[PDB]
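K.L.:
Before anything else, here's the structure in question.
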Amino acid sequence: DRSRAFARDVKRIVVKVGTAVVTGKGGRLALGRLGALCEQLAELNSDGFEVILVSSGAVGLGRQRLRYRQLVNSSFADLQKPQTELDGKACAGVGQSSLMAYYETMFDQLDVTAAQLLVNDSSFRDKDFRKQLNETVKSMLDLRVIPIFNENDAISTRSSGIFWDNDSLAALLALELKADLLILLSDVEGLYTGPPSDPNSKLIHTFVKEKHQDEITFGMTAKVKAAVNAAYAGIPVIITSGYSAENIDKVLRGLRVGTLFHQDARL
Amino acid sequence: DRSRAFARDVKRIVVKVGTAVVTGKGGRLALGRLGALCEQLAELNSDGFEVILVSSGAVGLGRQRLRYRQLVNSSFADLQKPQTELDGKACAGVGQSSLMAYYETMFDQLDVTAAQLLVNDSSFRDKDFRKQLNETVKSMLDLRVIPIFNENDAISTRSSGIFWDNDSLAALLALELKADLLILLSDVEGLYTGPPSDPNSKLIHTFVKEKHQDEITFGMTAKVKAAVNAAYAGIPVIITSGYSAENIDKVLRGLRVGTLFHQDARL
Amino acid sequence: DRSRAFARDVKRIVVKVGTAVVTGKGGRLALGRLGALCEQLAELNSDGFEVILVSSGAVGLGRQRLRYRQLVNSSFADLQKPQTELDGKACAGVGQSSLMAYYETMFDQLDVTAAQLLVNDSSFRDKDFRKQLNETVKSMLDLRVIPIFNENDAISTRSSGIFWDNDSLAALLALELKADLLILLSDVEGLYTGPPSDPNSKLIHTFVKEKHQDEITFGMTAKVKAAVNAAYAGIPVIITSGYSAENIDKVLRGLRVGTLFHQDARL
Amino acid sequence: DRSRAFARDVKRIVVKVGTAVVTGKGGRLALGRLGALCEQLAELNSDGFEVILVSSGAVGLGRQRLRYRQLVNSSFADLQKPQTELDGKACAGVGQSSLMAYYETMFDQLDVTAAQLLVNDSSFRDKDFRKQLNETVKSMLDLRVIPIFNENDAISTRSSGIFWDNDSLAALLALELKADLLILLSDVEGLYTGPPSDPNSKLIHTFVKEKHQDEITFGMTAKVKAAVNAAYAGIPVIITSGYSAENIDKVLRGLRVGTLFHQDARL
Amino acid sequence: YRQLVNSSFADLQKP
Amino acid sequence: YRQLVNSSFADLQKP
Amino acid sequence: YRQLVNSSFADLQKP
Amino acid sequence: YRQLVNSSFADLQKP
Ligand SMILES: Nc1ncnc2c1ncn2[C@@H]1O[C@H](COP(=O)(O)OP(=O)(O)OP(=O)(O)O)[C@@H](O)[C@H]1O
Ligand SMILES: Nc1ncnc2c1ncn2[C@@H]1O[C@H](COP(=O)(O)OP(=O)(O)OP(=O)(O)O)[C@@H](O)[C@H]1O
Ligand SMILES: Nc1ncnc2c1ncn2[C@@H]1O[C@H](COP(=O)(O)OP(=O)(O)OP(=O)(O)O)[C@@H](O)[C@H]1O
Ligand SMILES: Nc1ncnc2c1ncn2[C@@H]1O[C@H](COP(=O)(O)OP(=O)(O)OP(=O)(O)O)[C@@H](O)[C@H]1O
């Protein structure tokens with residue numbers, strides 16, 4: 001439109017992928033969605049953008065793999081007994097490795113080098129750590145590498161910290177790395193006036209902190225809170241659906257797509 | 001022999017792979033050596049052992065990949081100008097992802113699930129962190145998963161800490177996880193009475209803290225220091241060459257292979 | 001509709017993928033499209049269908065890879081001289097291996113075993129060969145395997161034969177294997193009353209050999225000829241666009257999608 | 001020695017890998033052996049040689065995979081009933097795709113482009129086919145590509161033909177492609193004066209058609225017959241053990257390794 | 001028991 | 001029966 | 001000449 | 001200059 005004109009000076013993008021975008025039916029990987037996303041990110045990176053990817057959704061794939069392992073090495077007599085709940089940290093550790101190995105496979109097939117950085121909550125308490133991370137990211141972006149961040153859930157001792165979920169980790173990274181636009185890839189077209197299943201609900205062209213502030217009932221509430229916190233500091237935030245392969249290009253070209261969170265746009 | 005009789009009650013093994021074992025000629029991956037090692041580890045894990053792998057050697061592969069990227073996207077005129085030194089943290093971050101993606105590929109091809117855990121020096125300062133890592137590792141080993149540890153060099157702010165290198169990280173993990181035998185995979189057959197190139201040098205059947213204490217001149221000195229620290233606390237340590245595919249089986253069967261670091265054996 | 005009611009007793013499907021569906025921009029693989037197609041085929045195969053895939057589009061990927069190789073091992077002075085045209089058979093041979101390795105990678109990641117069969121024109125001249133191939137395909141389908149046929153372009157001595165292109169190889173296989181529905185995955189929504197770029201053109205609900213026989217003007221003419229030949233013998237043929245991930249489900253459910261080629265439907 | 005001096009003008013090498021070299025314990029892939037072989041072949045190809053690889057051993061891996069599939073999708077009640085023998089052609093078709101996908105994976109990781117050509121017995125009956133294949137192989141070798149031949153067992157209607165096994169397919173290719181040395185990678189160090197298990201047996205430095213001709217009792221008899229047929233026409237043949245990673249370099253450097261089949265050397 | 005006896009490995013891999 | 005009842009999936013994956 | 005001298009490897013990888 | 005002009009991409013990929 002006219003209020004999405006900042007999509008022309010955008011140089012660094014922090015793209016966060018949701019769990020509903022990574023894991024498909026049955027808990028396995030969604031190969032089509034992730035492949036289209038990786039193709040779009042490689043095209044953006046070849047174009048001249050500096051793309052930072054904050055991956056998410058390792059707990060689900062990890063749990064699927066660990067259930068497979070239990071079955072394969074389990075025995076009938078046992079399958080007749082009750083089941084147990086698979087540890088959370090074990091699932092996260094198993095899923096992270098598979099997800100990032102798959103990311104490396106497709107990025108290599110796309111002729112793009114991808115790098116894996118893992119940052120915990122206790123690490124962010126040091127300003128010197130922030131400076132190091134900034135220097136490392138700058139050096140990796142100067143060679144056209146896509147840093148794939150995440151949260152070290154497989155070692156976390158864990159809300160009271162700086163960040164508690166990837167919805168907020170993306171905002172913290174975008175604020176720290178001085179990004180220019182933050183895209184929260186979810187499974188919904190954006191932010192609605194009510195529940196998505198409600199027919200009376202309507203899409204939000206842009207979020208207003210004086211009108212749409214208290215007009216929506218909510219998960220997505222954490223996404224909205226992180227978006228408001230990020231857009232308050234001067235980082236425009238776009239909530240868009242990752243089910244489509246051209247949404248990133250549409251928002252980066254200035255089209256009316258997704259929900260916009262901007263401090264200057266809101267009046 | 002007779003003093004390597006503890007290789008029968010061994011149940012948990014902490015295997016550390018060196019940089020000279022992972023990276024082959026040209027800085028690329030050594031596919032033959034790593035493939036043989038992965039085959040042996042899968043056979044051990046299927047046998048009934050609980051194998052913990054402490055990988056190493058991501059800085060070299062990472063630097064090779066980053067030099068490739070610089071060239072591919074570099075331009076002639078530039079190749080005519082002087083070169084620069086690639087950041088250390090960028091190289092480590094790029095190399096780690098590729099190494100562990102390759103590990104996942106071969107372990108999947110071997111029908112074994114491998115898990116990636118990353119632990120930094122600042123994390124070990126918390127006893128509660130030690131308890132949570134122990135619980136996670138126990139839960140992952142109860143499902144026949146090979147936890148592939150490493151050091152988060154791609155985020156490490158960095159000798160004054162608990163551990164400073166993987167030679168000592170392996171010892172710290174073995175002491176904390178209550179392992180039963182620690183194998184330091186290097187490129188040399190063990191510990192010699194002098195430099196390996198010296199013809200007069202002889203292999204050390206077992207390390208004695210009263211005789212071979214100062215009979216050796218030295219890298220490998222860090223390996224020996226970590227081995228002495230680990231074997232002091234009651235964890236037997238074996239330094240063996242990873243160039244062969246059956247060395248792990250030989251040491252685990254009680255044969256005379258490698259250099260032994262034992263507190264009870266030494267007199 | 002009412003004339004697509006045969007999509008309920010369909011048990012065997014012969015799916016042919018076009019070149020415009022496999023190769024994306026720059027001659028590289030289209031990862032999103034092929035990933036969505038592989039996900040859909042794995043879902044169909046798990047559902048209870050017997051899916052036969054007749055792949056295509058190795059010449060393009062092969063040529064891209066061979067140009068990469070020429071450059072990488074080529075030298076400046078040479079790049080200053082004129083270029084040459086890369087052999088056709090060399091390109092086909094290089095591309096086939098990469099395409100089918102990628103197919104195996106995604107099918108393994110999808111927990112489906114895929115098999116590669118290659119059949120040439122000279123082989124089809126033997127009736128005993130037809131019986132052998134039928135027996136092999138039956139044995140492979142009884143174990144829930146997806147036979148990935150193709151044409152041995154890398155050994156072909158080469159129109160006068162039984163089949164000359166994959167558009168006709170799919171029809172020959174469907175007739176020989178007694179399939180029940182043949183889907184020709186192309187990049188267009190189907191068959192139009194004229195050129196697709198013509199605004200006055202309209203989609204064809206079903207092809208009539210007494211009306212649309214000569215009305216349509218035209219590549220796609222080979223597709224239409226193969227479709228008419230297949231549908232004459234009693235194998236219903238559907239021409240549908242592979243750019244969407246749910247077109248196969250839509251045609252298999254009886255919805256109005258694509259262009260239909262049926263001998264009984266046409267009047 | 002002195003009679004292995006022809007290893008200096010060697011320019012094209014036809015390397016045949018046995019079944020005992022590809023498939024490891026349990027019918028799965030031998031990752032260490034194949035990785036070392038691929039590393040050696042990539043080093044040779046980078047050196048300046050023109051390496052042709054005639055792969056073998058898809059029936060075993062294929063049968064393992066098909067048994068896995070039967071079990072996974074089989075059901076207890078059924079496992080209680082008798083088993084069946086898995087078709088030969090289905091096993092070959094499934095195994096070939098996996099083997100060559102793995103070959104592509106390691107060759108890509110080694111920065112070498114590998115190409116897959118499949119040739120049947122009926123195809124060799126045409127001289128024009130021989131010319132076509134020679135032209136294709138020349139064009140593929142001029143771009144530093146490793147053509148990975150095999151036998152189309154998944155389509156073969158099938159001894160009365162030109163070739164019946166890969167031991168003889170390698171000889172036929174070496175004679176047709178005008179190779180300079182043929183290496184038959186087996187699991188034994190070469191040709192012995194008797195059974196390998198016999199302690200009195202001794203290794204044969206070179207095969208003599210007037211002495212060793214009837215001094216050996218025997219599988220390996222097919223290997224010896226193919227070697228004699230190839231070496232009669234003027235192609236030196238070396239039978240060497242593929243269990244070691246440096247045997248190819250040793251024979252190509254002129255060292256005394258393996259068993260030699262030469263028409264000029266024999267007196 | 002019967003649900004497991006008359007079941008297959010892939011059926012179990014599901015919830 | 002018992003060999004199968006008191007067996008595991010990976011044991012079967014072997015001859 | 002100049003087009004090649006002031007060019008990069010990835011630019012060439014394209015037609 | 002000459003070392004680069006009369007060189008290939010893979011030669012550079014080495015120290
Ligand atoms: N008003 C609302 N509008 C849209 N979505 C809503 C709303 N209220 C709840 N939701 C839910 O919030 C979900 C947000 O998606 P998702 O599960 O990826 O969120 P998340 O908690 O940010 O994810 P992740 O675990 O990847 O960080 C939607 O899929 C939808 O089901
Ligand atoms: N007396 C000695 N005996 C054996 N090796 C020695 C000796 N002195 C020095 N070395 C060197 O120490 C090296 C130890 O191998 P390596 O490079 O893997 O060590 P590291 O510093 O522990 O490795 P990493 O970086 O993987 O932790 C040997 O390769 C050898 O060159
Ligand atoms: N009337 C028409 N309607 C639709 N497409 C047409 C028409 N005339 C020509 N075409 C062209 O035919 C093409 C058919 O697609 P495609 O290139 O895959 O065909 P193909 O020759 O069957 O492919 P392949 O090489 O994979 O066998 C369309 O992409 C379109 O550009
Ligand atoms: N006198 C002998 N010397 C050596 N090996 C012998 C002898 N007699 C029989 N053999 C057997 O021949 C085998 C040859 O190996 P291999 O199984 O690869 O043969 P092949 O039939 O040529 O293989 P492939 O199926 O790969 O073509 C040896 O492993 C050995 O067991």
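Chain labels A, B, ... are given in the sequence in which chains occur in the structure tokens; within each chain residues are numbered consecutively from 1, and ligands are likewise numbered from 1 in the order shown.
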Near residue 80 in chain B, within 9 Å and counting only C-alpha atoms, which residues show up once chain neighbours fewer than 5 positions away are dropped, as a PyMOL selection string?

P.N.:
(chain B and resi 75) or (chain H and resi 1+4)

K.L.:
Could you write out that same residue set with C-alpha atoms as an mmCIF file, in the first residue's frame?

P.N.:
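selection06.cif was written with the following content:
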data_model
loop_
_atom_site.group_PDB
_atom_site.id
_atom_site.type_symbol
_atom_site.label_atom_id
_atom_site.label_comp_id
_atom_site.auth_asym_id
_atom_site.auth_seq_id
_atom_site.Cartn_x
_atom_site.Cartn_y
_atom_site.Cartn_z
ATOM 1 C CA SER B 75 35.748 -11.946 -8.303
ATOM 2 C CA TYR H 1 48.484 -11.557 -12.679
ATOM 3 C CA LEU H 4 45.707 -16.007 -11.873
#

K.L.:
Could I get the residues of chain C with an atom no further than 8 Å from an atom of ligand 3, each paired with its nearest atom pair and that distance in Å to one decimal, using only C-alpha atoms and all ligand atoms, sorted by chain and residue number, as JSON lines?

P.N.:
{"residue": "C:17", "atom": "CA", "partner": "ligand 3", "partner_atom_place_in_ligand_line": "26 (O)", "distance": 6.6}
{"residue": "C:18", "atom": "CA", "partner": "ligand 3", "partner_atom_place_in_ligand_line": "26 (O)", "distance": 3.4}
{"residue": "C:19", "atom": "CA", "partner": "ligand 3", "partner_atom_place_in_ligand_line": "26 (O)", "distance": 3.6}
{"residue": "C:20", "atom": "CA", "partner": "ligand 3", "partner_atom_place_in_ligand_line": "18 (O)", "distance": 4.7}
{"residue": "C:21", "atom": "CA", "partner": "ligand 3", "partner_atom_place_in_ligand_line": "18 (O)", "distance": 7.0}
{"residue": "C:56", "atom": "CA", "partner": "ligand 3", "partner_atom_place_in_ligand_line": "26 (O)", "distance": 5.6}
{"residue": "C:57", "atom": "CA", "partner": "ligand 3", "partner_atom_place_in_ligand_line": "26 (O)", "distance": 5.8}
{"residue": "C:165", "atom": "CA", "partner": "ligand 3", "partner_atom_place_in_ligand_line": "27 (O)", "distance": 6.2}
{"residue": "C:166", "atom": "CA", "partner": "ligand 3", "partner_atom_place_in_ligand_line": "27 (O)", "distance": 5.2}
{"residue": "C:167", "atom": "CA", "partner": "ligand 3", "partner_atom_place_in_ligand_line": "27 (O)", "distance": 5.2}
{"residue": "C:185", "atom": "CA", "partner": "ligand 3", "partner_atom_place_in_ligand_line": "18 (O)", "distance": 7.6}
{"residue": "C:186", "atom": "CA", "partner": "ligand 3", "partner_atom_place_in_ligand_line": "18 (O)", "distance": 4.9}
{"residue": "C:187", "atom": "CA", "partner": "ligand 3", "partner_atom_place_in_ligand_line": "29 (O)", "distance": 5.3}
{"residue": "C:188", "atom": "CA", "partner": "ligand 3", "partner_atom_place_in_ligand_line": "29 (O)", "distance": 5.9}
{"residue": "C:189", "atom": "CA", "partner": "ligand 3", "partner_atom_place_in_ligand_line": "4 (C)", "distance": 7.9}
{"residue": "C:190", "atom": "CA", "partner": "ligand 3", "partner_atom_place_in_ligand_line": "4 (C)", "distance": 6.4}
{"residue": "C:191", "atom": "CA", "partner": "ligand 3", "partner_atom_place_in_ligand_line": "3 (N)", "distance": 5.1}
{"residue": "C:192", "atom": "CA", "partner": "ligand 3", "partner_atom_place_in_ligand_line": "3 (N)", "distance": 5.3}
{"residue": "C:193", "atom": "CA", "partner": "ligand 3", "partner_atom_place_in_ligand_line": "1 (N)", "distance": 7.0}
{"residue": "C:194", "atom": "CA", "partner": "ligand 3", "partner_atom_place_in_ligand_line": "1 (N)", "distance": 5.1}
{"residue": "C:195", "atom": "CA", "partner": "ligand 3", "partner_atom_place_in_ligand_line": "1 (N)", "distance": 4.5}
{"residue": "C:196", "atom": "CA", "partner": "ligand 3", "partner_atom_place_in_ligand_line": "3 (N)", "distance": 5.4}
{"residue": "C:216", "atom": "CA", "partner": "ligand 3", "partner_atom_place_in_ligand_line": "1 (N)", "distance": 6.8}
{"residue": "C:217", "atom": "CA", "partner": "ligand 3", "partner_atom_place_in_ligand_line": "1 (N)", "distance": 6.0}
{"residue": "C:218", "atom": "CA", "partner": "ligand 3", "partner_atom_place_in_ligand_line": "8 (N)", "distance": 4.5}
{"residue": "C:219", "atom": "CA", "partner": "ligand 3", "partner_atom_place_in_ligand_line": "21 (O)", "distance": 4.0}
{"residue": "C:220", "atom": "CA", "partner": "ligand 3", "partner_atom_place_in_ligand_line": "12 (O)", "distance": 4.0}
{"residue": "C:221", "atom": "CA", "partner": "ligand 3", "partner_atom_place_in_ligand_line": "8 (N)", "distance": 6.9}
{"residue": "C:222", "atom": "CA", "partner": "ligand 3", "partner_atom_place_in_ligand_line": "22 (O)", "distance": 6.5}
{"residue": "C:223", "atom": "CA", "partner": "ligand 3", "partner_atom_place_in_ligand_line": "22 (O)", "distance": 5.3}

K.L.:
Got a sec to pull out which chain A residues are within 12 Å of chain D, counting only C-alpha atoms, and send them as a ChimeraX atom specification?

P.N.:
/A:68,71-72,75-76,105,108-109

K.L.:
Taking N, CA and C atoms for each residue, export the selection above as a PDB file, in the first residue's frame.

P.N.:
ATOM      1  N   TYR A  68       9.630 -43.954  17.331  1.00  0.00           N
ATOM      2  CA  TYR A  68      10.092 -44.994  16.379  1.00  0.00           C
ATOM      3  C   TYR A  68      11.159 -45.857  17.057  1.00  0.00           C
ATOM      4  N   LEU A  71       9.739 -48.255  19.711  1.00  0.00           N
ATOM      5  CA  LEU A  71       9.065 -49.390  19.024  1.00  0.00           C
ATOM      6  C   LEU A  71      10.114 -50.338  18.429  1.00  0.00           C
ATOM      7  N   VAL A  72      10.906 -49.868  17.465  1.00  0.00           N
ATOM      8  CA  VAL A  72      11.887 -50.754  16.770  1.00  0.00           C
ATOM      9  C   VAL A  72      12.612 -51.636  17.782  1.00  0.00           C
ATOM     10  N   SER A  75       9.692 -54.590  22.433  1.00  0.00           N
ATOM     11  CA  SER A  75       9.311 -56.011  22.191  1.00  0.00           C
ATOM     12  C   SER A  75       7.816 -56.213  22.460  1.00  0.00           C
ATOM     13  N   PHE A  76       7.169 -57.164  21.779  1.00  0.00           N
ATOM     14  CA  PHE A  76       5.699 -57.368  21.914  1.00  0.00           C
ATOM     15  C   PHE A  76       5.267 -57.330  23.384  1.00  0.00           C
ATOM     16  N   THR A 105      21.238 -30.259   4.199  1.00  0.00           N
ATOM     17  CA  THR A 105      21.087 -30.993   2.948  1.00  0.00           C
ATOM     18  C   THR A 105      20.452 -30.124   1.868  1.00  0.00           C
ATOM     19  N   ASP A 108      22.729 -27.100   0.867  1.00  0.00           N
ATOM     20  CA  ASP A 108      23.809 -27.538  -0.008  1.00  0.00           C
ATOM     21  C   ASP A 108      23.281 -27.812  -1.409  1.00  0.00           C
ATOM     22  N   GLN A 109      22.129 -28.477  -1.513  1.00  0.00           N
ATOM     23  CA  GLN A 109      21.539 -28.720  -2.824  1.00  0.00           C
ATOM     24  C   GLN A 109      21.155 -27.425  -3.526  1.00  0.00           C
TER      25      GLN A 109
END

K.L.:
Contacts from chain E to chain C, 12 Å maximum, only C-alpha atoms: show me the residue list as a list in words.

P.N.:
residues 10, 11 and 13 of chain E

K.L.:
Would you please give, as a JSON list (two decimals) with N, CA, C and O atoms, in the first residue's frame, all residues of range 25-155 of chain D that DSSP assigns to strand (DSSP E) based on the backbone?

P.N.:
[["chain", "number", "residue", "atom", "x", "y", "z"],
["D", 50, "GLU", "N", 41.79, -41.18, -15.77],
["D", 50, "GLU", "CA", 40.41, -41.28, -16.22],
["D", 50, "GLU", "C", 39.85, -42.58, -15.66],
["D", 50, "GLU", "O", 40.07, -43.66, -16.22],
["D", 51, "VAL", "N", 39.13, -42.48, -14.55],
["D", 51, "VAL", "CA", 38.69, -43.65, -13.81],
["D", 51, "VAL", "C", 37.28, -44.03, -14.25],
["D", 51, "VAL", "O", 36.39, -43.18, -14.28],
["D", 52, "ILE", "N", 37.09, -45.30, -14.61],
["D", 52, "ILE", "CA", 35.78, -45.86, -14.90],
["D", 52, "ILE", "C", 35.47, -46.88, -13.82],
["D", 52, "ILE", "O", 36.28, -47.78, -13.56],
["D", 53, "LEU", "N", 34.31, -46.76, -13.19],
["D", 53, "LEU", "CA", 33.94, -47.62, -12.08],
["D", 53, "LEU", "C", 32.80, -48.52, -12.51],
["D", 53, "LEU", "O", 31.75, -48.03, -12.95],
["D", 54, "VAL", "N", 32.99, -49.83, -12.40],
["D", 54, "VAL", "CA", 31.94, -50.79, -12.71],
["D", 54, "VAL", "C", 31.41, -51.36, -11.41],
["D", 54, "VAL", "O", 31.95, -52.35, -10.89],
["D", 113, "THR", "N", 31.84, -35.17, -9.73],
["D", 113, "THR", "CA", 30.57, -35.51, -10.36],
["D", 113, "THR", "C", 30.63, -36.94, -10.86],
["D", 113, "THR", "O", 31.55, -37.31, -11.59],
["D", 114, "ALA", "N", 29.65, -37.75, -10.47],
["D", 114, "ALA", "CA", 29.57, -39.14, -10.86],
["D", 114, "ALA", "C", 28.35, -39.35, -11.74],
["D", 114, "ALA", "O", 27.30, -38.75, -11.50],
["D", 115, "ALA", "N", 28.49, -40.19, -12.75],
["D", 115, "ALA", "CA", 27.43, -40.43, -13.72],
["D", 115, "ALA", "C", 27.08, -41.91, -13.76],
["D", 115, "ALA", "O", 27.95, -42.77, -13.59],
["D", 116, "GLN", "N", 25.79, -42.18, -13.98],
["D", 116, "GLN", "CA", 25.28, -43.57, -13.96],
["D", 116, "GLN", "C", 24.86, -44.03, -15.35],
["D", 116, "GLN", "O", 23.95, -43.42, -15.93],
["D", 145, "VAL", "N", 34.41, -36.72, -15.22],
["D", 145, "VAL", "CA", 33.26, -37.39, -14.63],
["D", 145, "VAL", "C", 33.59, -38.87, -14.52],
["D", 145, "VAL", "O", 34.28, -39.42, -15.37],
["D", 146, "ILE", "N", 33.11, -39.50, -13.45],
["D", 146, "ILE", "CA", 33.38, -40.92, -13.22],
["D", 146, "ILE", "C", 32.16, -41.73, -13.63],
["D", 146, "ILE", "O", 31.20, -41.83, -12.86],
["D", 147, "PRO", "N", 32.14, -42.32, -14.82],
["D", 147, "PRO", "CA", 30.98, -43.11, -15.24],
["D", 147, "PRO", "C", 30.87, -44.39, -14.42],
["D", 147, "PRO", "O", 31.79, -45.20, -14.40],
["D", 148, "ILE", "N", 29.74, -44.56, -13.75],
["D", 148, "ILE", "CA", 29.51, -45.71, -12.88],
["D", 148, "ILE", "C", 28.61, -46.68, -13.64],
["D", 148, "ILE", "O", 27.39, -46.58, -13.61],
["D", 149, "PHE", "N", 29.23, -47.64, -14.32],
["D", 149, "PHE", "CA", 28.47, -48.63, -15.05],
["D", 149, "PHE", "C", 27.85, -49.64, -14.10],
["D", 149, "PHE", "O", 28.10, -49.63, -12.89]]

K.L.:
If you run DSSP on the backbone here, which positions in range 160-208 of chain B get alpha helix (DSSP H)? Please write them as a PyMOL selection string.

P.N.:
chain B and resi 166-176
